[PDB]
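Each ligand, and each atom within it, is numbered from 1 in the order the structure gives. Counting begins at 1 with the first residue of the sequence.
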Amino acid sequence: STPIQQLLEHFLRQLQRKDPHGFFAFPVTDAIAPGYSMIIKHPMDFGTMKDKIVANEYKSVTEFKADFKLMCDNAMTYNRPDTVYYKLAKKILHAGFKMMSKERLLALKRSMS
Ligand SMILES: COc1cc(-c2cc(C)c(=O)n(C)c2C)cc(OC)c1C[NH+](C)C
């Protein structure tokens with residue numbers, strides 16, 4: 001494991017703790033969400049993000065945050081605002097962006113000195 005992989009695994013574990021039912025753990029299938037593949041063209045989930053960390057496919061925290069944002073945005077696009085998925089996606093998105101904020105990453109960058 002490399003330092004970037006350990007950092008991304010830490011952020012991913014913290015985000016995944018906010019989804020105890022595993023709604024974001026693996027891809028959404030059309031069987032459990034009719035028309036999903038017809039509405040969501042760039043699917044994303046925590047399991048795919050984990051595979052990308054293990055394969056060393058993320059060059060930066062910005063790329064990781066972009067996948068996290070895509071996952072939440074997909075749930076808010078497919079699902080209406082009064083649904084469990086939309087509400088959890090909104091809660092998870094705000095918490096993840098606070099955790100990986102520019103202030104937190106600037107403090108972490110300054111600690112690399
Ligand atoms: C009902 O259960 C699930 C629901 C969703 C889900 C997740 C999201 C983000 C979504 O937008 N939709 C529309 C759906 C249907 C995913 C699931 O598994 C990945 C499961 C099955 N789990 C064992 C709990």
Side-chain angles (χ1 to χ4, degrees):
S1 192
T2 68
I4 185 53
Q5 288 168 302
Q6 288 294 299
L7 173 66
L8 300 179
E9 283 191 345
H10 164 76
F11 291 149
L12 183 68
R13 277 195 301 278
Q14 289 293 110
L15 298 171
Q16 197 140 32
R17 283 192 176 78
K18 291 176 280 301
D19 172 38
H21 302 308
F23 296 131
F24 294 100
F26 304 94
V28 180
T29 59
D30 287 353
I32 71 174
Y36 196 84
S37 65
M38 203 200 180
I39 296 294
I40 302 304
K41 304 295 178 201
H42 303 288
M44 186 51 59
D45 66 278
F46 289 141
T48 298
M49 290 168 75
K50 180 61 180 294
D51 294 342
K52 287 180 67 165
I53 299 168
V54 171
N56 206 21
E57 298 189 3
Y58 288 121
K59 298 294 108 178
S60 68
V61 176
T62 292
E63 288 175 4
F64 176 84
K65 289 168 66 170
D67 279 0
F68 175 62
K69 184 173 179 294
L70 174 57
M71 184 189 80
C72 299
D73 288 349
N74 285 343
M76 295 183 290
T77 295
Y78 179 77
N79 305 284
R80 295 191 160 189
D82 59 349
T83 66
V84 168
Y85 311 117
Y86 184 111
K87 294 177 191 175
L88 183 60
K90 190 172 179 202
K91 181 167 78 192
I92 286 182
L93 177 62
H94 284 79
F97 272 64
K98 288 247 233 178
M99 183 184 73
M100 310 182 278
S101 72
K102 305 98 237 306
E103 192 153 55
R104 296 262 241 173
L105 299 175
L106 177 58
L108 179 52
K109 273 174 70 171
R110 287 175 181 166
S111 77
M112 272 94 215
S113 301

### Task
Mind checking the CZ-CG spacing from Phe11 to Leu105? Nearest 0.5 Å is all I need.
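With rounding to 0.5 Å, CZ (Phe11) is 5.5 Å from CG (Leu105).
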Here the gap from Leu12 atom CG to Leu8 atom CG, rounded to the nearest 0.5 Å, amounts to 8.5 Å
Among all protein heavy atoms in this structure, tell me which lies nearest to [atom], with the distance rounded to 0.1 Å.
{"atom": "atom 17 (C) of ligand 1", "value": "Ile32 CD1, 3.6 Å"}
{"atom": "atom 13 (C) of ligand 1", "value": "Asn79 OD1, 3.4 Å"}
{"atom": "atom 1 (C) of ligand 1", "value": "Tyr85 OH, 3.4 Å"}
{"atom": "atom 18 (O) of ligand 1", "value": "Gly22 O, 4.0 Å"}
{"atom": "atom 16 (C) of ligand 1", "value": "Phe23 O, 3.5 Å"}

### Task
Return yes when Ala25 approaches ligand 1 closer than 4.0 angstrom through a heavy atom, no otherwise.
no
What atoms in ligand 1 come closer than 4.0 Å to a heavy atom of [X]?
{"X": "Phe26", "value": "19 (C)"}
{"X": "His21", "value": "24 (C)"}
{"X": "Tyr78", "value": "13 (C)"}
{"X": "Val28", "value": "7 (C), 8 (C), 10 (C)"}
{"X": "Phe24", "value": "9 (C)"}

With the threshold set strictly below 4.0 angstrom, can you tell me whether any protein non-hydrogen atom sits that near atom 23 (C) of ligand 1?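 Looking at atom 23 (C) of ligand 1, one finds that no protein heavy atom lies closer than 4.0 Å.
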For atom 9 (C) of ligand 1, state whether the nearest protein heavy atom is under 4.0 Å away.
yes
Check your understanding: Side chains of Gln14 and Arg17: is there a donor and an acceptor less than 3.5 Å apart?
Key ->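 Judged by distance alone, the side chains do pair up.
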Within the side chain of [X], is there an N or O that forms a donor-acceptor pair under 3.5 Å with the backbone of [Y]?
{"X": "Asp19", "Y": "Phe24", "answer": "yes"}
{"X": "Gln5", "Y": "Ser1", "answer": "no"}
{"X": "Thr48", "Y": "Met44", "answer": "no"}

On a heavy-atom basis, the closest approach of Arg80 and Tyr86 is O-CB, 3.2 Å
Exercise for the section: For the residue pair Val61 and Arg104, establish whether any side-chain heavy-atom pair is separated by less than 4.5 Å. Expected result: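 They are not in side-chain contact.
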Practice prompt. Report, as yes or no, whether the 6.0 Å neighbourhood of atom NE2 on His10 holds more than 12 heavy atoms from other residues, nucleotides or ligands.
Written response: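 More than 12 heavy atoms, drawn from other residues, nucleotides or ligands, come within 6.0 Å of this atom.
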